[PDB]
Each structure stands twice: as structure tokens, then as C-alpha cells.
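Source file: work_25.cif; contents: mmCIF, C-alpha atoms and all ligand atoms.
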data_structure
#
loop_
_atom_site.label_atom_id
_atom_site.label_comp_id
_atom_site.auth_asym_id
_atom_site.auth_seq_id
_atom_site.Cartn_x
_atom_site.Cartn_y
_atom_site.Cartn_z
CA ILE T 1 5.94 -4.62 20.50
CA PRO T 2 6.48 -1.02 21.59
CA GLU T 3 4.17 1.07 23.73
CA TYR T 4 3.49 3.51 20.88
CA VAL T 5 3.10 2.95 17.15
CA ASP T 6 2.22 5.72 14.68
CA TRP T 7 2.68 4.82 11.03
CA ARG T 8 2.18 8.48 10.06
CA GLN T 9 5.53 9.23 11.72
CA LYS T 10 7.31 6.40 9.93
CA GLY T 11 6.08 7.84 6.61
CA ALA T 12 3.77 4.91 5.80
CA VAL T 13 0.41 6.74 5.68
CA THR T 14 -0.86 8.90 2.84
CA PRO T 15 -3.11 11.98 3.25
CA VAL T 16 -6.61 11.54 4.68
CA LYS T 17 -9.26 10.97 1.99
CA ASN T 18 -12.99 11.62 1.76
CA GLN T 19 -15.17 8.80 0.48
CA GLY T 20 -18.14 11.09 0.01
CA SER T 21 -21.60 9.61 -0.17
CA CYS T 22 -20.30 6.37 -1.71
CA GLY T 23 -20.22 3.35 0.56
CA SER T 24 -16.58 2.66 -0.36
CA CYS T 25 -15.10 2.57 3.14
CA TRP T 26 -13.92 -1.02 2.59
CA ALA T 27 -11.85 0.12 -0.37
CA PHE T 28 -10.31 3.05 1.49
CA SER T 29 -9.33 0.83 4.43
CA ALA T 30 -7.76 -1.75 2.13
CA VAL T 31 -5.90 0.98 0.25
CA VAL T 32 -4.57 2.43 3.51
CA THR T 33 -3.10 -0.96 4.31
CA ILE T 34 -1.60 -1.28 0.81
CA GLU T 35 0.08 2.16 0.91
CA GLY T 36 1.46 1.25 4.33
CA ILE T 37 2.86 -2.16 3.49
CA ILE T 38 4.38 -0.84 0.25
CA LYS T 39 6.24 1.88 2.18
CA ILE T 40 7.40 -0.58 4.81
CA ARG T 41 8.71 -3.05 2.22
CA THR T 42 10.07 -0.73 -0.49
CA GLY T 43 10.74 2.62 1.10
CA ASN T 44 8.37 4.46 -1.26
CA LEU T 45 5.10 6.02 -0.18
CA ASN T 46 2.64 5.90 -3.04
CA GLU T 47 -1.04 6.61 -3.29
CA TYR T 48 -3.08 3.70 -4.60
CA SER T 49 -6.46 3.52 -6.23
CA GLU T 50 -9.49 3.06 -4.02
CA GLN T 51 -11.49 3.42 -7.24
CA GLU T 52 -9.79 0.39 -8.76
CA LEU T 53 -10.91 -1.77 -5.84
CA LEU T 54 -14.38 -0.23 -5.98
CA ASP T 55 -14.72 -1.09 -9.69
CA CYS T 56 -12.88 -4.40 -9.83
CA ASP T 57 -13.46 -6.25 -6.55
CA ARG T 58 -16.26 -8.51 -7.70
CA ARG T 59 -16.74 -10.03 -4.26
CA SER T 60 -17.67 -6.56 -3.01
CA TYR T 61 -20.69 -4.44 -3.94
CA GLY T 62 -19.21 -1.15 -5.12
CA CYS T 63 -20.78 1.88 -3.44
CA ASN T 64 -23.30 -0.38 -1.72
CA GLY T 65 -20.53 -1.70 0.54
CA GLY T 66 -18.00 -4.46 0.40
CA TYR T 67 -15.37 -6.53 2.12
CA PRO T 68 -11.85 -5.27 2.92
CA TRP T 69 -10.66 -8.88 2.77
CA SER T 70 -11.89 -9.12 -0.84
CA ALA T 71 -10.05 -5.94 -1.83
CA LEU T 72 -6.82 -7.09 -0.23
CA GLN T 73 -7.09 -10.48 -1.86
CA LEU T 74 -7.73 -8.60 -5.13
CA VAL T 75 -4.43 -6.72 -4.78
CA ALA T 76 -2.62 -9.96 -3.96
CA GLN T 77 -4.09 -11.88 -6.89
CA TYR T 78 -3.62 -9.13 -9.52
CA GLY T 79 -2.35 -5.84 -8.12
CA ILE T 80 -3.33 -2.21 -7.80
CA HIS T 81 -2.77 1.00 -9.68
CA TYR T 82 -1.55 4.35 -8.45
CA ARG T 83 -4.26 6.78 -7.40
CA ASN T 84 -3.17 9.16 -10.19
CA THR T 85 -3.53 6.55 -12.94
CA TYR T 86 -6.91 5.40 -11.51
CA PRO T 87 -8.39 8.30 -9.53
CA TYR T 88 -11.39 8.32 -7.24
CA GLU T 89 -14.78 9.27 -8.78
CA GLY T 90 -17.15 8.45 -5.91
CA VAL T 91 -19.27 6.10 -8.04
CA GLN T 92 -18.80 2.52 -9.16
CA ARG T 93 -17.91 2.15 -12.84
CA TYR T 94 -16.50 -0.51 -15.14
CA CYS T 95 -13.31 -2.24 -14.01
CA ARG T 96 -10.54 -0.48 -15.92
CA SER T 97 -7.46 -2.22 -14.52
CA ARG T 98 -7.08 -3.86 -17.94
CA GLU T 99 -6.88 -0.51 -19.79
CA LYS T 100 -4.71 1.40 -17.28
CA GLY T 101 -1.47 -0.41 -18.04
CA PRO T 102 0.49 -2.65 -15.69
CA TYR T 103 -0.36 -2.61 -11.99
CA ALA T 104 1.71 -0.25 -9.86
CA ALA T 105 2.16 -2.59 -6.88
CA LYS T 106 1.25 -6.15 -5.95
CA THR T 107 1.18 -8.00 -2.65
CA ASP T 108 1.50 -11.71 -1.90
CA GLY T 109 -1.52 -12.44 0.26
CA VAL T 110 -3.77 -11.40 3.09
CA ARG T 111 -3.74 -12.55 6.73
CA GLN T 112 -6.46 -12.06 9.33
CA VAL T 113 -5.99 -10.90 12.90
CA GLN T 114 -7.56 -13.32 15.37
CA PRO T 115 -10.91 -11.61 16.08
CA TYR T 116 -11.99 -10.27 19.45
CA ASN T 117 -8.39 -10.15 20.63
CA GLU T 118 -6.88 -6.75 21.51
CA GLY T 119 -3.26 -7.88 21.82
CA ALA T 120 -3.42 -9.75 18.51
CA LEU T 121 -4.59 -6.57 16.82
CA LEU T 122 -1.85 -4.51 18.50
CA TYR T 123 0.76 -7.04 17.32
CA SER T 124 -0.55 -6.60 13.80
CA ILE T 125 -0.34 -2.81 13.96
CA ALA T 126 3.25 -2.85 15.20
CA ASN T 127 4.12 -4.58 11.92
CA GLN T 128 1.91 -2.69 9.46
CA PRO T 129 -1.25 -0.63 9.15
CA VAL T 130 -4.23 -2.97 9.48
CA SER T 131 -7.69 -2.83 7.93
CA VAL T 132 -10.31 -2.75 10.69
CA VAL T 133 -14.05 -2.24 10.97
CA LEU T 134 -16.17 -0.40 13.49
CA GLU T 135 -19.65 0.88 14.33
CA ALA T 136 -19.85 4.39 12.84
CA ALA T 137 -23.64 4.86 12.72
CA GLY T 138 -24.02 6.50 16.14
CA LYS T 139 -24.25 10.26 16.33
CA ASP T 140 -21.53 10.15 18.97
CA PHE T 141 -18.96 8.84 16.49
CA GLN T 142 -20.31 10.93 13.60
CA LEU T 143 -19.82 14.15 15.55
CA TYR T 144 -16.47 13.14 17.04
CA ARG T 145 -14.20 16.18 17.17
CA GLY T 146 -11.25 14.95 19.16
CA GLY T 147 -9.98 13.20 22.21
CA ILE T 148 -9.81 9.54 23.03
CA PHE T 149 -13.17 8.27 21.81
CA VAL T 150 -14.91 5.96 24.26
CA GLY T 151 -18.35 5.98 22.66
CA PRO T 152 -21.19 5.64 23.31
CA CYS T 153 -21.37 2.96 20.57
CA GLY T 154 -22.42 -0.64 20.13
CA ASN T 155 -20.79 -3.46 18.22
CA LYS T 156 -22.99 -3.43 15.08
CA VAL T 157 -20.03 -2.81 12.80
CA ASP T 158 -20.85 -1.04 9.56
CA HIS T 159 -17.80 1.03 8.56
CA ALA T 160 -14.30 0.06 7.43
CA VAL T 161 -11.35 2.19 8.52
CA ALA T 162 -7.67 1.64 9.11
CA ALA T 163 -5.64 1.20 12.26
CA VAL T 164 -2.38 3.06 11.73
CA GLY T 165 -1.07 3.18 15.29
CA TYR T 166 -1.83 2.77 18.95
CA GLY T 167 -0.83 3.92 22.39
CA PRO T 168 -1.12 2.70 25.98
CA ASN T 169 -4.90 3.37 26.00
CA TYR T 170 -5.94 3.90 22.37
CA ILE T 171 -5.83 2.63 18.82
CA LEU T 172 -5.17 5.26 16.14
CA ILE T 173 -7.63 5.08 13.24
CA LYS T 174 -7.43 6.69 9.80
CA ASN T 175 -10.98 7.39 8.69
CA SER T 176 -12.05 8.20 5.13
CA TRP T 177 -14.35 11.17 5.84
CA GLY T 178 -12.02 13.93 4.70
CA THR T 179 -9.52 15.95 6.65
CA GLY T 180 -12.22 17.96 8.44
CA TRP T 181 -13.62 15.12 10.63
CA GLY T 182 -12.09 14.22 13.99
CA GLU T 183 -8.37 14.79 14.56
CA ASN T 184 -7.55 15.98 11.03
CA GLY T 185 -9.33 12.89 9.72
CA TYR T 186 -8.12 10.52 12.44
CA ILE T 187 -9.75 9.17 15.56
CA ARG T 188 -8.08 7.71 18.62
CA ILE T 189 -10.35 4.97 20.01
CA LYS T 190 -10.11 3.81 23.63
CA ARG T 191 -8.65 0.34 24.18
CA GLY T 192 -8.17 -1.75 27.28
CA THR T 193 -11.81 -1.64 28.35
CA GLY T 194 -12.00 -5.41 28.63
CA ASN T 195 -14.88 -5.61 26.16
CA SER T 196 -13.85 -8.46 23.84
CA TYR T 197 -15.61 -6.75 20.92
CA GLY T 198 -13.56 -3.58 21.29
CA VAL T 199 -15.05 -0.10 21.50
CA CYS T 200 -17.49 0.19 18.57
CA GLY T 201 -16.71 -3.42 17.69
CA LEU T 202 -13.16 -2.46 16.68
CA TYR T 203 -11.93 -6.09 17.06
CA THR T 204 -14.64 -7.67 14.89
CA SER T 205 -12.81 -8.13 11.57
CA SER T 206 -9.20 -7.12 10.92
CA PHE T 207 -7.06 -7.93 7.90
CA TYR T 208 -3.68 -6.92 6.66
CA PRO T 209 -1.77 -7.53 3.42
CA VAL T 210 1.22 -9.83 3.19
CA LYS T 211 4.26 -8.93 1.10
CA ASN T 212 7.39 -11.06 0.97
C1 LIG Z 301 -18.71 1.44 4.20
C2 LIG Z 301 -19.26 2.85 4.51
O1 LIG Z 301 -19.28 3.68 3.55
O2 LIG Z 301 -19.64 3.12 5.66
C3 LIG Z 301 -19.73 0.47 3.58
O3 LIG Z 301 -21.05 0.78 3.97
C4 LIG Z 301 -19.33 -1.00 3.83
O4 LIG Z 301 -18.45 -1.55 3.17
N1 LIG Z 301 -19.98 -1.66 4.81
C5 LIG Z 301 -19.65 -3.04 5.11
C6 LIG Z 301 -19.53 -3.26 6.60
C7 LIG Z 301 -18.11 -3.07 7.11
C8 LIG Z 301 -17.07 -3.53 6.07
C9 LIG Z 301 -18.00 -3.86 8.41
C10 LIG Z 301 -20.75 -3.95 4.58
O5 LIG Z 301 -21.92 -3.59 4.65
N2 LIG Z 301 -20.34 -5.11 4.06
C11 LIG Z 301 -21.24 -6.09 3.50
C12 LIG Z 301 -21.51 -5.86 2.02
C13 LIG Z 301 -22.31 -4.60 1.69
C14 LIG Z 301 -23.80 -4.73 2.01
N3 LIG Z 301 -24.45 -5.75 1.21
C15 LIG Z 301 -24.73 -5.64 -0.09
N4 LIG Z 301 -25.32 -6.62 -0.75
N5 LIG Z 301 -24.42 -4.52 -0.75
#
Could I get this file's structure written as C-alpha cells?
Amino acid sequence: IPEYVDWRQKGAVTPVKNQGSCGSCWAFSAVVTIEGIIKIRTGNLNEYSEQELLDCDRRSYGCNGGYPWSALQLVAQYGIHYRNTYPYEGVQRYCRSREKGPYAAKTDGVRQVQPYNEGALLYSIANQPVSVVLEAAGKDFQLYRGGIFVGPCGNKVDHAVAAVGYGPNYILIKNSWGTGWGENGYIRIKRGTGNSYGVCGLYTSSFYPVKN
């Protein structure tokens, strides 16, 4: 795998979103990975519906949090609508996949990166954007403005984001806090520290969609 990956440059990453007060980070991360894998496989960059996953992923808990693996398995089992057909409202509602016509895209499954393994996660990112989790509760992360973030932070992961690239010393993360946080909505998180958990627990739980 190459020294640098940046899925924004390959045209596989949509604009940065803002989840608002809703605890829907798991849905944004999953959606980032769906938009990415659809561009990689089909050549088209589309925006997909975080709201659909928020409403319809029964394994998850709506705005009270959820599981990126459940959302990705939801898109593989049924599918997902375009963001425009099923836009984001910032509150959980009734599942409306059934009334919004056929699904816009569908994947074929969901694989997990071997946890606590930096190289395994890098291998994943070189193939597609990957859904990852991290500890975002610390004020240090909340106030991040730029640079290679090294913490301080623990490993008590609580926030789902998306890894969309990496470099020799960092992993590039698309957050869902709007374009005004961090590096235009992104954070570069230090890697290579030898902490098996990753900075802010970044290696705790990583999933990516599969598309034949
Ligand atoms: C994301 C956010 O807005 O920060 C949101 O809180 C979330 O999905 N949190 C996850 C943790 C990450 C995915 C690691 C979470 O808490 N998942 C477990 C389910 C939600 C909490 N439990 C219940 N019953 N609601």
C-alpha cells in the first residue's frame, strides 16, 4: 500500500456534514464509507442518506447512538437512498425506505478490520474509506483546530467517524461536526505511537462495506 492515501483527491468523499445535537455519528460514518465504495466501484460520487440509517437501522438506537456495523449491514441487506430523496432532519423518525421508492445503491456485505492493528487499518484505507470510532469527549479533541492531533485523549471510544486517508504519521478522519471544526471538518490523527489502541482508541472498531 502507498505511503499516502487521500480519498478526497480520488473523488470518493462527499462534503463534510454536521450531525448537530443528534447522536447519529454512527450513521454518518457508515454513509461516508458507502459514498466512498460506490465511487470506487461505479465511478459516480453520490450522497447517501444518513437519515435512512438513523430511522431504519433497528439494531441501532437512533439519536441515542448506534453501531456503524449495523448500518453497513443494513445497506448490504436492503440498500440505501440518496441524501436528496431521504434528507437529514437531525431527529429519529419512522423508517421511510418503503415509501421513498427503490434504493439508490446496495452493497454486498461488511468486513471488519482486525482490531488494535494499525497496519490492518491502513491496508483497509488504501482500498476504501473505512468506518472507525474514537474518543471524542475530551476538550482537547472538541477544540481541535488543526495540525496532527496527538491528544491528550484516552481510549473510551464514544464517537464514530470515517478514515478517508493516511500518511506516514497520521490517519485522515472525516468528522461529522460541520465544515467549521478542525481542518475544514477533517482531523489528522497521529499514528505510529505504538499504542495498540491507537490515539483516542482509533483502532477499537473498524468496518468497511463490501461490494462485488
Ligand atoms: C455518536 C455521537 O453522536 O457522538 C453516538 O453517540 C454513538 O453512536 N455512540 C456509539 C459509540 C461509538 C459508535 C463507538 C454508542 O454509544 N454505541 C452504543 C449504542 C448507543 C448507546 N446505547 C443505547 N442504548 N442508546
Residues of chain T within 8 Å of ligand LIG 301 (chain Z): nearest atom pair and distance (Å, one decimal) for each, counting all atoms listed in the file, sorted by chain and number, as a tab-separated table?
residue	atom	partner	partner_atom	distance
T:19	CA	Z:LIG301	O1	7.2
T:21	CA	Z:LIG301	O1	7.4
T:22	CA	Z:LIG301	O1	6.0
T:23	CA	Z:LIG301	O1	3.2
T:24	CA	Z:LIG301	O1	4.9
T:25	CA	Z:LIG301	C1	3.9
T:26	CA	Z:LIG301	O4	4.6
T:27	CA	Z:LIG301	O4	7.7
T:60	CA	Z:LIG301	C12	6.4
T:61	CA	Z:LIG301	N5	4.9
T:62	CA	Z:LIG301	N5	7.6
T:63	CA	Z:LIG301	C3	7.2
T:64	CA	Z:LIG301	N5	4.4
T:65	CA	Z:LIG301	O4	3.4
T:66	CA	Z:LIG301	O4	4.0
T:67	CA	Z:LIG301	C8	5.2
T:68	CA	Z:LIG301	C8	6.3
T:133	CA	Z:LIG301	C9	5.0
T:134	CA	Z:LIG301	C9	6.4
T:135	CA	Z:LIG301	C9	7.8
T:136	CA	Z:LIG301	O2	7.3
T:157	CA	Z:LIG301	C9	4.9
T:158	CA	Z:LIG301	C6	3.9
T:159	CA	Z:LIG301	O2	4.0
T:160	CA	Z:LIG301	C8	4.7
T:205	CA	Z:LIG301	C9	7.4
Using only C-alpha atoms, which protein or nucleic acid residues come within 7 Å of residue 176 of chain T? Drop anything in the same chain fewer than 3 positions from it, and give the result as a list in words. residues 16, 17, 18, 19, 25, 28 and 161 of chain T
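We find atom CA of residue 117 of chain T and atom CA of residue 200 of chain T to be spaced 13.9 Å apart.
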Closest of T:212, T:124, T:184, T:179 to residue 166 of chain T, counting only C-alpha atoms, is T:124
What's around residue 148 of chain T at 8 Å? Count only C-alpha atoms, leave out sequence neighbours fewer than 6 positions away in its own chain, and write the answer as a list in words. residues 170, 187, 188, 189 and 190 of chain T
Gap from atom CA of residue 165 of chain T to atom CA of residue 81 of chain T - Å, one decimal: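 Atom-to-atom, atom CA of residue 165 of chain T to atom CA of residue 81 of chain T, that is 25.1 Å.
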Computed interatomic separation between atom CA of residue 40 of chain T and atom CA of residue 13 of chain T (Å): 10.2 Å
Within 6 Å of (-5.5, -7.7, 14.4) (file coordinates; all atoms listed in the file), which protein or nucleic acid residues are there? I'd like them as a PyMOL selection string. chain T and resi 113+120-121+124+206
Which residue is closest to residue 37 of chain T? Choose from T:83, T:96, T:139, T:106 and count all atoms listed in the file. T:106
Looking at T:210, T:163, T:1, T:12, which one is nearest to residue 73 of chain T, with distances taken over all atoms listed in the file?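 Checking each of T:210, T:163, T:1, T:12 against residue 73 of chain T, counting all atoms listed in the file, the winner is T:210.
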Given the point (-9.3, 0.8, -8.6) in the file's coordinates, find the residues that have an atom at most 8 Å from it, counting all atoms listed in the file, and give them as a PDB file with C-alpha atoms, in the coordinates of the input.
ATOM      1  CA  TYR T  48      -3.080   3.700  -4.600  1.00  0.00           C
ATOM      2  CA  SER T  49      -6.460   3.520  -6.230  1.00  0.00           C
ATOM      3  CA  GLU T  50      -9.490   3.060  -4.020  1.00  0.00           C
ATOM      4  CA  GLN T  51     -11.490   3.420  -7.240  1.00  0.00           C
ATOM      5  CA  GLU T  52      -9.790   0.390  -8.760  1.00  0.00           C
ATOM      6  CA  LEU T  53     -10.910  -1.770  -5.840  1.00  0.00           C
ATOM      7  CA  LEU T  54     -14.380  -0.230  -5.980  1.00  0.00           C
ATOM      8  CA  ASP T  55     -14.720  -1.090  -9.690  1.00  0.00           C
ATOM      9  CA  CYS T  56     -12.880  -4.400  -9.830  1.00  0.00           C
ATOM     10  CA  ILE T  80      -3.330  -2.210  -7.800  1.00  0.00           C
ATOM     11  CA  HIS T  81      -2.770   1.000  -9.680  1.00  0.00           C
ATOM     12  CA  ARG T  83      -4.260   6.780  -7.400  1.00  0.00           C
ATOM     13  CA  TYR T  86      -6.910   5.400 -11.510  1.00  0.00           C
ATOM     14  CA  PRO T  87      -8.390   8.300  -9.530  1.00  0.00           C
ATOM     15  CA  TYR T  88     -11.390   8.320  -7.240  1.00  0.00           C
ATOM     16  CA  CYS T  95     -13.310  -2.240 -14.010  1.00  0.00           C
ATOM     17  CA  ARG T  96     -10.540  -0.480 -15.920  1.00  0.00           C
ATOM     18  CA  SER T  97      -7.460  -2.220 -14.520  1.00  0.00           C
TER      19      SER T  97
END
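The shell of residues at most 12 Å from residue 169 of chain T, with all atoms listed in the file counted and near chain neighbours (fewer than 3 positions) removed, consists of residues 3, 4, 5, 118, 122, 147, 148, 149, 150, 165, 166, 172, 188, 189, 190, 191, 192, 193, 194 and 199 of chain T.
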Any idea what's packed within 7 Å of residue 204 of chain T, counting all atoms listed in the file, ignoring anything in its chain fewer than 4 positions away? Could you give it as a JSON list (two decimals) with C-alpha atoms, in the frame of the given file?
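The result, written out as around_15.json:
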[["chain", "number", "residue", "atom", "x", "y", "z"],
["T", 115, "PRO", "CA", -10.91, -11.61, 16.08],
["T", 116, "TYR", "CA", -11.99, -10.27, 19.45],
["T", 133, "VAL", "CA", -14.05, -2.24, 10.97],
["T", 197, "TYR", "CA", -15.61, -6.75, 20.92]]
So that all listed atoms of segment 208-212 of chain T fit with 6 Å spare on each side, what axis-aligned box centre and edge lengths in Å, to one decimal, would you give as AutoDock Vina command-line options?
--center_x 1.9 --center_y -9.0 --center_z 3.8 --size_x 23.1 --size_y 16.1 --size_z 17.7
Hey, which of T:203, T:7, T:141, T:123 ends up closest to residue 181 of chain T? Count only C-alpha atoms.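 Answer, going by the shortest atom-to-atom distance: T:141.
Take the candidates T:32, T:171, T:45, T:75 and check each one against residue 125 of chain T using only C-alpha atoms; the shortest distance goes to T:171.
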May I have the residues within 8 Å of residue 182 of chain T as a VMD selection string, using only C-alpha atoms and disregarding those fewer than 5 positions away in the same chain? chain T and resid 143 to 146 187
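Taking all atoms listed in the file into account, residue 46 of chain T lies nearest to T:11 out of the set T:164, T:183, T:11, T:110.
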Can you put N, CA, C and O atoms back into segment 97-109 of chain T and show it as a short mmCIF file (atom, residue, chain, number, x, y, z; two decimals), in the coordinates of the input?
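Saved file result31.cif follows:
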data_model
loop_
_atom_site.label_atom_id
_atom_site.label_comp_id
_atom_site.auth_asym_id
_atom_site.auth_seq_id
_atom_site.Cartn_x
_atom_site.Cartn_y
_atom_site.Cartn_z
N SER T 97 -8.83 -1.76 -14.72
CA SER T 97 -7.46 -2.22 -14.52
C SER T 97 -6.82 -2.63 -15.84
O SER T 97 -5.65 -2.33 -16.10
N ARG T 98 -7.60 -3.29 -16.70
CA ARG T 98 -7.08 -3.86 -17.94
C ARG T 98 -6.56 -2.79 -18.89
O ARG T 98 -5.60 -3.02 -19.63
N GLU T 99 -7.18 -1.61 -18.88
CA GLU T 99 -6.88 -0.51 -19.79
C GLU T 99 -5.97 0.56 -19.18
O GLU T 99 -5.69 1.57 -19.84
N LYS T 100 -5.52 0.39 -17.94
CA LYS T 100 -4.71 1.40 -17.28
C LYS T 100 -3.26 0.96 -17.17
O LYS T 100 -2.50 1.50 -16.36
N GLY T 101 -2.85 -0.01 -17.98
CA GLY T 101 -1.47 -0.41 -18.04
C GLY T 101 -1.16 -1.36 -16.90
O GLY T 101 -2.05 -1.79 -16.16
N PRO T 102 0.11 -1.70 -16.74
CA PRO T 102 0.49 -2.65 -15.69
C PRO T 102 0.19 -2.10 -14.30
O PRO T 102 0.16 -0.89 -14.08
N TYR T 103 -0.05 -3.01 -13.36
CA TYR T 103 -0.36 -2.61 -11.99
C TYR T 103 0.86 -1.97 -11.33
O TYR T 103 2.01 -2.37 -11.58
N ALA T 104 0.61 -0.99 -10.46
CA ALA T 104 1.71 -0.25 -9.86
C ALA T 104 2.38 -1.04 -8.75
O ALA T 104 3.61 -0.95 -8.59
N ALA T 105 1.62 -1.83 -8.00
CA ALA T 105 2.16 -2.59 -6.88
C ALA T 105 1.36 -3.88 -6.77
O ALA T 105 0.20 -3.94 -7.21
N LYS T 106 1.96 -4.90 -6.16
CA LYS T 106 1.25 -6.15 -5.95
C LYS T 106 1.74 -6.75 -4.65
O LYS T 106 2.94 -6.68 -4.35
N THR T 107 0.84 -7.36 -3.90
CA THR T 107 1.18 -8.00 -2.65
C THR T 107 1.12 -9.51 -2.85
O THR T 107 0.80 -10.00 -3.94
N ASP T 108 1.40 -10.26 -1.78
CA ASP T 108 1.50 -11.71 -1.90
C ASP T 108 0.42 -12.45 -1.15
O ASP T 108 0.34 -13.69 -1.26
N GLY T 109 -0.41 -11.76 -0.39
CA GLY T 109 -1.52 -12.44 0.26
C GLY T 109 -2.16 -11.55 1.30
O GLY T 109 -1.90 -10.36 1.38
#
